[PDB]
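Chain by chain, the residues run as shown.
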Amino acid sequence: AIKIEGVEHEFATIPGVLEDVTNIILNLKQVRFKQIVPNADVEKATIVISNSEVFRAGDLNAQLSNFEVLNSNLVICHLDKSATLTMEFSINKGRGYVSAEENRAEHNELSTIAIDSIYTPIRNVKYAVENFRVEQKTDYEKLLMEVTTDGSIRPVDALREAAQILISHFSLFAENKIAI
Amino acid sequence: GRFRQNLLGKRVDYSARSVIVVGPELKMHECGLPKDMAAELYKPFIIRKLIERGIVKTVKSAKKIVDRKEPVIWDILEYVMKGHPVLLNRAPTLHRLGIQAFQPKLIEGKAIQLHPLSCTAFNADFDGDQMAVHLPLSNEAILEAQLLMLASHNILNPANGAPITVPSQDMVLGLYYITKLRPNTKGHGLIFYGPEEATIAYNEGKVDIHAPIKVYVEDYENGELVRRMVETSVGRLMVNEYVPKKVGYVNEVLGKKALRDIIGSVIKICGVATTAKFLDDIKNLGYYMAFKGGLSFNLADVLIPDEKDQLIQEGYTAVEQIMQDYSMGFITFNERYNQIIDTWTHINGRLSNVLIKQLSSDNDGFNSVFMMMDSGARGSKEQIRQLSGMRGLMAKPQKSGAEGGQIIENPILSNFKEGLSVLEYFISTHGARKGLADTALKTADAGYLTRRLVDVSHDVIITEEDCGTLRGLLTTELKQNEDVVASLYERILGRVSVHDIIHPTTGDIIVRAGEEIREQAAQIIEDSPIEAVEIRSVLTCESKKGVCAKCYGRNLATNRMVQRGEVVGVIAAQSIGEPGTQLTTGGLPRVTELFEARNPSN
Amino acid sequence: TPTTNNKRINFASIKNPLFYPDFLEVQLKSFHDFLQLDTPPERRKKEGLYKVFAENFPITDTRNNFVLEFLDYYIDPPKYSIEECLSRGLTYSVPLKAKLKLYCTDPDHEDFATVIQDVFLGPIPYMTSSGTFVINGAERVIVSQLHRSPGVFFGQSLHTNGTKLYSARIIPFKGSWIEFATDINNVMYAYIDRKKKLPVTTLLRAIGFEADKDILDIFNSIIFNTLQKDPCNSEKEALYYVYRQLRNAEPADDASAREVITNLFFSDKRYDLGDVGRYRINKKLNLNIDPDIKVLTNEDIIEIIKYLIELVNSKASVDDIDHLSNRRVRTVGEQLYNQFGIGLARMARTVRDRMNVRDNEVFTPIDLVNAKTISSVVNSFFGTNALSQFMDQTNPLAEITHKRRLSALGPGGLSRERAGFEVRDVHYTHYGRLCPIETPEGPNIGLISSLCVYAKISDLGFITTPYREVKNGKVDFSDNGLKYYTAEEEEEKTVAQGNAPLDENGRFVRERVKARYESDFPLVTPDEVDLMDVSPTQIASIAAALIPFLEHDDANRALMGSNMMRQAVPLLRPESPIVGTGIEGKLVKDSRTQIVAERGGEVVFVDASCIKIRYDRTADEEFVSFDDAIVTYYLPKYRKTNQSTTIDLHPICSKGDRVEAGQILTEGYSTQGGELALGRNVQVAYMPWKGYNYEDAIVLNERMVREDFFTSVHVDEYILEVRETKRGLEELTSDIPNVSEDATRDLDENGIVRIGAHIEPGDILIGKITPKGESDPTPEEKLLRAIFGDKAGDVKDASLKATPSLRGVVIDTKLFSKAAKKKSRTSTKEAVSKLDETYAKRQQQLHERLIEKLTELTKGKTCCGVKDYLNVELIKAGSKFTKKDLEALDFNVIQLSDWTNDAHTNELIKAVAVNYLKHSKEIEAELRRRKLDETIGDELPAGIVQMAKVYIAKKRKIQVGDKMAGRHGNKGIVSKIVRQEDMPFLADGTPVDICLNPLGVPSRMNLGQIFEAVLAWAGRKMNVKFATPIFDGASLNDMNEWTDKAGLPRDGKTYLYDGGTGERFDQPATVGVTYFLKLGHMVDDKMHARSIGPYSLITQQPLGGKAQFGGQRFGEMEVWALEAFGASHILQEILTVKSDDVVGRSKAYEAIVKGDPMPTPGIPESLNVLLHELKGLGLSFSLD
């Protein structure tokens, strides 16, 4: 969710800011985050950029103690020498992907604009296999695997969690045998 | 002005309209239906079922809850949708197979999902048309729907005995994929028992999908019970697990021709529901196998023949001589035209055939273009020749005051592989838009034939179970002064006979009088040296105000005797009018001349 | 931002030694020939509006004592701006003024007075600087119209009763057409307009040829046979008859026939042949008399009848129609000329009428001319004529092809009832003049053929196009002198072709060269090629010369590909096609949709709403100074086009930039970085996936809905007029009866929806509540229910409610002008006088600085002598009329230096004259602003008081059912949105995004798409982008070299894997990158259904159309279908209760909801109507 001061809808424009509000929201979509503490449910932020600047990602003071930004060096927008901008954020946790209009749930209050949200923390995965052998005796196998993430969590934690869920599935489907 | 169009054409109040999309998961008697269309058409039934819930007392509250569609039950839509079929409706309905019923099914989004093998009945394409839907609301209507309307019963062509749902390019491609014959691969030359050992040995990669193996299988010799050692391949076994156990076993390369032959034999031997289940399952398996084979197209697939660079060159010198010959003028201009077009056609053919053979032999197991051509999925020798050989010849039409006719002296020798010079591409645009204009004008011409000849006729029905008229036609086969063009077989088939017939070989009654003549009997008769036979004609019916059941004969929509109470006339009208669109002295003039008792003026 | 600021790779095989002729030559060239804003001091030699006036005026009496004459017009600046016209709904037009000379001569005496009056004779719409007119708030175009060339033409018509009938045709510019045709009896007949036969001997003796024996003597059996069937045989009786068989039962006077024939063949003021008509007459007839009467002469008739008999006896050849040299062009200027001249001409007719009777001292030009007829005719031509059309204004390419559209319907060319196959066709001579490949099929195949790029219009209506001179082996210079040529001369010279490889020295490099000489098509020796096409990219139209990799494609595929480009929706963030041809860039430049830099300088200020540029100051120092000069260009930020596809722009220069002339400040509206950007690059794979790509459908990955490179915006407009009624006043108020407070929440207190809300269908948009007491039958009902509090009171609730199926976001709602500035201050004269005196004070002070500037900034010059000038100039400056002493400049001190330069003081002071003239213009416009502001205000429809409006915009994504396309014909529709996992993913973890069916490919010969795919994959690392000319593109070996150097399979193939099974698809699949477009048939507007709905008041049938849902036409054919099978209750309930029984429908509905599904069908009203409409008589209907 976003609440800009002096703009009421997704097609306005702010004096002295080189981009639309649409592009502000669109590129705010792309900023990947991280925790530092567990139990952080949802958070609201207040940015007051009030100086002759170029407004960038890490320029976001992760002013809430509960949370931080990984990618600091992204260009939100180019201000002029004189633009004054006030923004308010909401960051929340989730899975998979959700579109905008479902996020209309949270009380627009004539100002709030809901935005899309891509939650997935993974970017690329690999596995490959190839035989290895001793003379005359076979059945040696190489599995080589690669995990490429956003940095919000090391590969080991995610890999462990995936296996935990998969074993949790097969557990019931092997032991318990309720019958018709 | 008043009493013709809008006196009958109308508004409707339980209809809907939207766009259609191909269905690769549903059965033959189901359709995919966006959630809101279904949430709206069925609204009154839903309203009653909320009423019978007891939770609501007022239809106003029910409307309030069905409009805003809040987190309450769609279970009622799921239920009601399950026994309350829906009529799918095309806009330009030509013959009845443009209107059907279906069992509807929820899907995601805002598009109508429809099964791939039914559209050919609609004779439509998937450009994005906006099919209409209707809801019956009365149980007599719904019974007529799910008893006569429903698609699974409507598999034949009322025009004539052809089947309507011949499968398409991709299924025939997959089936052609499974049933080839490669000499030496995984697990050549071993022994099985049929099902168990074959499925085991394939399922453990000890034999690939395809290798010539010898196996012990059961097939009926007319019609019994021989179990021998056939040489075949897993694959053909997998499909022949599904060909019903009343015809025997299938051993050929399974093209399109053969697929139609088989679907015909199975329908004629065992009936409609059976042939339906067969066609559905063959769809599914061949379609999955075509996918898992991973078939695609590449440049390296298409080998231009080396000799083309030779051959295209070579004719030049021949052309050169026939140039210099006409240079010394002994030869007339038009015959120069004729000779050069002949030579270029010769080289075109000798390139095309060598092209196609080289295309065949590179793997014999696969060449995307080669199998797409030969399996009859889609393509032709001509298209593929363009994709790898000269464009051929093209006409000099001159587009006005000329027949066209005489064609360019120089063929378009470059093929689409290499690219075209500017002038050739200009000539191609010339000819192609010529063809498009020709098609547009032909469609315009056919429109009037269609409308008038559909407006030929309208009338009433047949009305008796027999017509007593033991004075029928002497039916025989017609041969037009060089050969025979129309067979007695279909001319005799399905038409009640008069006198019990026996073979010239002694003591074999072939028919009992007043019996439905059958395909087997028809074949026996054709083999016999009998010449003609006496059968009834809808004409000679004694029964006034109609025609007798036995007068007419086979139903042609099912494969049964026509029964009491069904209108034949409008069927005959539609079936005789619709082919007018292809009808290109012929045409409308002669047809209306003969119907309307006009003088030939000659 | 470190923007890429990248430069593409050209790849050709030959130099490009000839540029792009600009696009907008035709429209803006013509209109700037016709009229311009201001200063025609000494202009328009010879053609122009001045030619109109010197051809029509002066108008005098029947030698009676009174005359009118013309004194030059001035052309006035527009009263309102383009944008303000668009917003308001007016027309961008300029007022016109002319100094009419009344010249009253004393009755039966010498002259009485010789006076001039300034006449404002009406507004005429003006051309925005792109060739488009905003009429009533819409933007329209005058399309061109191919023409018939006047002159003489020769055709032996055939099959007319089998016999050959040669007809010669004389074709004027205005008037009737003349024919000379042979009868079946080999008898020769002359007549008019191809009409009924009339003997040529009869017309000959109608001209004044003597007795028939002498006619034979001067003309000698075709003429003899004509005499044999001639019903007249001597002069007097000859014309007596020739008038008799023109009308029946009316007299056949000789003298009337003499006058008729004389005016038919020899009247200058009754026969109107254009100079082009005279030219064609002269050339086809090989005549040597160009300057003469524009009308037929006797020698012309003699020569035409001689050539007529010469081609009657089969000694010549017929003419051709589709030949382009027989069609002219008549650009917008010519046809506006024609209508204007007609209007003024019969205006002169009626002024002749008025002044034929002429008193004195009672007529001054104020009452002489009711010229408003000129207003009528011109406004009608621009508002209703055949050729003026709305604009397909959804896509830059759509316009820039829309403005060289070349229609052929209506007067000027052939007619829709005269075309055979040729006007449906592409002739042998459309080469370069008229597009071969874009003549879109349908009802208009040949009719609306479009113009090539290099095509240029000569001065006669001949389409011309460049060639490069060629002689004796060289390209004569390749080149220094281009030779534009017209169609007519082309027909005898061998024209070589460009893709016949050259050195970079002007030499052909083979023995055989391809050429077209006659309508034949040979392969010539380069020892006699005489002239060469400039660029082999010539023979494609503008949208046709944008296809990558053409020479490997089908014609028809390219046709529909172009027709799909023409409607490509403007995306939300386009992307340069990393493959293209070197024509983008220029094409955005010709479009004036981007804020171009006017003059060099640095940029003070940039935002997305205004670009504030300090231009170069140097212009004011060949001056001394006059004022500050900084421009502020404002931006197109979201606005609705015709087709609802919004337009937007974004600046592309930074706060310290210095910008040169010809620079593009802004990107957007399908433009990026100065390049034409329609679609996106994407990863695609060619493999039939689960058969969801059965036919030419398509398969999508979830990234593509997540990357949002397939998204757009739409917006539409809602209007509502409130009106003075005959019985009440209409209102825009919030007090809407019977509606709920929530439906008013989005409404402001001013009865309209505020900006900043979302709309659910059915809610109020514009609150219109109107106490229209037109119910003169008991308005006490008005009062009775208007005092209840809800005030329905026959006070009609006309509050427009949100259409069903519409959801969106509210933009800005205007209120326009509401009939009165006088609305406060408890006074009328007080407020108006306060406003006038404020006007006066800032007038006087601004003009005071204006006087100071003109005075102290003019005195600087090297004029020598005593001062003598400051005080006199000041006292003149106190009461500047600005004309008395403007040129004099006190006429002494500047005159002391007899020799002087250009008089920079004169330059400065006429600049001040201009600046105060414009200042007075806007200040008097401000005056009329306020004055009419206390009135109805802006130009508003007479019978209504106000019109309100709202804007609604919708942000639209992709979903199943939407249509997609590409640049090679691949139309398709989305079938399934696949999750990213189980897309077939290559050996490096990247799942493909689009999967396409290989089946559709090898039957429609368009393997250009896979070539594009391989290159765009070999580039997306990314290495440098590409650019190749159409028919000189990238060869295959070089393709292979790049694919190698990018680290790829040299063959375009690869292996692939399945998510779900890991299997390696045993045959290698093809993968690549391709360019992809979204078309405008979005499925969100193909949804409708209905169960129950509102009922009509003329029949118990509920209409439909998604304006109100309704149903579909249950037509005749499905009546026949339910006939064919045994429809028991289906058909009966369709024709009885499903429709057209509101009583039965209500009963059946209430029964279905009430638990009785058994109907009781009765008798439709159609039969009730039948008994009622038959009318019975003395009535005998039945009860049995």
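All residue numbers start from 1 on each chain and follow the order of its written sequence rather than the entry's numbering, and residues without coordinates are excluded. The order in which chains are written sets their letters, starting at A; the order in which ligands are written sets their numbers, starting at 1. Only a portion of a larger assembly is shown here, and every reported value applies to that portion alone. Excluded from the side-chain calculation are hydrogens and water; included are all heavy atoms of the structure.

As documented in the archive entry, the model was determined using cryo-EM at 3.5 Å resolution.

What to know about the sheet that holds strand β11 (residues 162–171) of chain C
Residues and elements named next belong to chain C. The criterion for strand pairing is that DSSP finds at least two bridges linking the strands in question. Strands are runs of DSSP state E lasting at least 2 residues, helices are runs of H or I lasting at least 4, and numbering of each runs from the N terminus. Taking strand neighbours across the sheet as the criterion, the 4 strands line up as β10-β11-β12-β13 in an open arrangement whose pairing is antiparallel. Strands at the two margins of the open sheet, each flanked by one partner only, are β10 (151–159) and β13 (188–192). Across the sheet, the mean angle separating the axes of adjacent strands is 20 degrees when strand polarity is ignored. By the bridge criterion, 8 bridges tie β10 to β11 in an arrangement that is antiparallel. For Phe 154, the partnering residue across the bridge sits in β11 and is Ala 168. Here an angle of 0 to 180 degrees is reported between the N-to-C directions of two axes, which are lines fitted to C-alpha atoms, with helices fitted over the stretch in contact.

Here's the deal with the interface of chain C and chain A
Residue contacts are counted whenever heavy atoms from the two residues lie within 4.5 Å of one another. At the junction of the two partners, chain C supplies 28 residues and chain A supplies 27 residues. Two parts lose some accessible area (1.4 Å probe) when they are put together, and adding that loss for both gives the buried area. Summing both sides of the interface, chain C and chain A together bury roughly 2300 Å²; the carbon and sulfur share of this comes to 53%. Its largest share of buried area at the contact with chain A, chain C owes to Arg 573, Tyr 638 and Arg 706 of chain C, together 22% of the area lost on that side. Any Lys or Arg side-chain nitrogen found within 4 Å of a carboxyl oxygen on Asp or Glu counts as a salt bridge. Taken together, the links from chain C to chain A amount to 2 salt bridges. Among the ionic pairs, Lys 637 of chain C bridges to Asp 20 of chain A, the shortest N-O distance being 3.1 Å. The term polar contact refers here to a pair of N or O atoms within 3.5 Å; inside protein, the definition further demands a hydrogen-donor-capable atom paired with an acceptor-capable atom, and it admits residues adjacent in sequence only when both atoms are side-chain atoms. Taken together, the links from chain C to chain A amount to 10 residue pairs in polar contact. For the side of chain C that touches chain A, the elements supplying multiple residues, two or more each, are β28 (650–651) and α18 (702–706) of chain C. Only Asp, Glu, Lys and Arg are considered charged, only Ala, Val, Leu, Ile, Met, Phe, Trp, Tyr, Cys and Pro nonpolar, and every remaining residue, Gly among them, polar. Broken down by class, the residue content of the side of chain C that touches chain A amounts to 10 nonpolar, 6 polar and 12 charged.

Quick look at the pattern of salt bridges
For the coordinates displayed, the defined rule picks out 97 salt bridges over all chains. With its nearest N and O atoms 2.9 Å apart, the salt bridge here joins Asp 118 of chain C to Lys 97 of chain C. Here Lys 97 of chain C lies in strand β4 (residues 93–105) and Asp 118 of chain C lies in strand β5 (residues 111–125), a separation of 21 residues in the sequence. In this scheme, a residue with accessible area under 20% of its type's maximum is buried, one over 50% is exposed, and one in between is partly exposed, where area comes from a 1.4 Å probe on protein chains only. Judged by relative accessible area, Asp 118 of chain C falls into the partly exposed class, the value being 44%. Between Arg 849 of chain C and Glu 848 of chain C there is a salt bridge, with its nearest N and O atoms 3.0 Å apart. Note on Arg 849 of chain C: relative accessible area 34%, which makes it partly exposed. The network of salt bridges with common partners includes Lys 29 and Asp 116 of chain A together with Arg 706 and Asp 708 of chain C.

Structural notes on the interface of chain C and chain B
In this complex, chain C contributes 108 residues to the contact, which on the side of chain B involves 107 residues. Carbon and sulfur atoms supply 62% of the area buried between chain C and chain B, which totals about 10600 Å² over both sides. Our enumeration of links across chain C and chain B arrives at 10 salt bridges. Measuring nitrogen to oxygen at the nearest pair gives 3.9 Å for the salt bridge that ties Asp 301 of chain B to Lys 1053 of chain C.

So, the packing of helix α21 (residues 829–856) of chain C against helix α24 (residues 904–933) of chain C
Describing two packed helices takes the angle between their axes plus the distance from one axis to the other. All names here are of chain C. Packing of α21 against α24 brings their axes to within 11 Å, and their N-to-C directions diverge by 175 degrees. With respect to each other, α21 and α24 are oriented roughly antiparallel. Along its contact with α21, which presents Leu 835, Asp 836, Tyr 839, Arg 842, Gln 843, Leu 846, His 847, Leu 850 and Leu 854, the element α24 presents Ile 909, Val 912, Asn 915, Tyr 916, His 919, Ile 923, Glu 926, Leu 927, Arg 930 and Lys 931. Partitioning the contact of α21 with α24 into residue classes produces 10 nonpolar, 4 polar and 5 charged. Each angle gets one of four labels, with under 35 degrees taken as roughly parallel, over 145 as roughly antiparallel, 65 to 115 as roughly perpendicular, and the rest as oblique.

Examining the state of the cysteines
Here, two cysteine sulfur atoms that lie within 2.5 Å of each other are counted as a disulfide. This structure, assessed with the given rule, holds 3 disulfides over all chains. One disulfide bridge connects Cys 548 of chain B with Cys 551 of chain B, the sulfur atoms lying 2.0 Å from each other. Because the torsion about its S-S bond is 120 degrees, the bridge between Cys 548 of chain B and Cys 551 of chain B counts as right-handed. Accessibility assignment for this pair places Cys 548 of chain B and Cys 551 of chain B in one class, buried. No disulfide involves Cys 864 of chain C; its sulfur sits 7.5 Å from the nearest other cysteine sulfur, which is in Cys 863 of chain C.

Notes on the arrangement of the chains
Here 2 pairs of chains make contact, and the pair sharing the most contacts is chains B and C. Chain A shows no contact with chain B. Their nearest C-alpha atoms sit 14 Å apart.

Things to note about the side chain of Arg 205 of chain C
All names here are of chain C. By the secondary structure assignment, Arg 205 is in helix α4 (residues 200–207). Here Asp 230 takes part through its side chain, which lies 3.5 Å from a polar atom of the side chain of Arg 205. Here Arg 205 is in contact with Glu 210, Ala 211, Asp 212, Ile 215, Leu 227, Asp 230, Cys 232, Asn 233, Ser 234, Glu 235, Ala 238 and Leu 239, once residues within four sequence places are set aside.

A closer look at the sheet that holds β5 of chain C
Residue and element names in this part refer to chain C. Spatially, β2-β3-β4-β5 is the arrangement adopted by the 4 strands of the open sheet, whose pairing is antiparallel. Whereas interior strands pair on both sides, the edge strands pair on one side only; in this sheet they are β2 (59–60) and β5. Note that β2 and strand β3 (residues 66–75) share 2 bridges and pair antiparallel. Counterpart to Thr 60 in the pairing with β3 is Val 67.

Observations concerning the environment of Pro 1049 of chain C
Residue and element names in this part refer to chain C. Secondary-structure assignment places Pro 1049 in the loop between α26 (1036–1045) and β48 (1053–1054). Relative accessible area serves as the criterion here: at 40%, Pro 1049 is assigned to the partly exposed category. Along the chain, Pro 1049 and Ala 1018 lie 31 residues apart, while their C-alpha atoms are 9.8 Å from each other.

Thoughts on the nonpolar core
All names here are of chain C. Put simply, buried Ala, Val, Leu, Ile, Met, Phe, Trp, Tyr and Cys residues joined by side-chain atoms within 4.5 Å make one nonpolar core. Ranked by size, the top nonpolar core spans 46 residues in total, and within it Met 964, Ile 994 and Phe 1076 carry the most contacts. If you tally residues by element for this core, the top one is helix α25 (residues 1008–1019), at 7 residues. Ignoring any residue separated from it by four or fewer positions in sequence, one finds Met 964 in contact with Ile 698, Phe 710, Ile 958, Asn 970, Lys 971, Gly 972, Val 974, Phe 1076, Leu 1077 and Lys 1078.

Remarks on the pairing of strand β3 (residues 30–33) of chain B
Residue and element names in this part refer to chain B. In β3, alternate side chains face the same way, and those of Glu 30 and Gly 32 on one face and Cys 31 and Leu 33 on the other are all buried. Pairing of β3 with strand β5 (residues 99–106), which is carried by 4 bridges, proceeds in the parallel orientation. Each bridged residue has a counterpart across the sheet, and for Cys 31 the counterpart in β5 is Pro 104. Of the strand pairs in this sheet, β3 and strand β6 (residues 112–114) are connected by 2 bridges, and their pairing is antiparallel. Among the inter-strand pairings, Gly 32 is bridged to a residue of β6, identified as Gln 113.

Section: the pairing of strand β35 (residues 712–725) of chain C
Residue and element names in this part refer to chain C. Sheet topology note: the β35/strand β43 (residues 944–956) ladder contains 12 bridges and is antiparallel. The residue of β43 that forms the bridge with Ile 719 is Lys 949. Bridge count between β35 and strand β36 (residues 728–729): 2 bridges; the pairing is antiparallel. Paired with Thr 725 across the strands is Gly 728, a residue of β36. What sits between β35 and β36 in their antiparallel hairpin is a turn of 2 residues.

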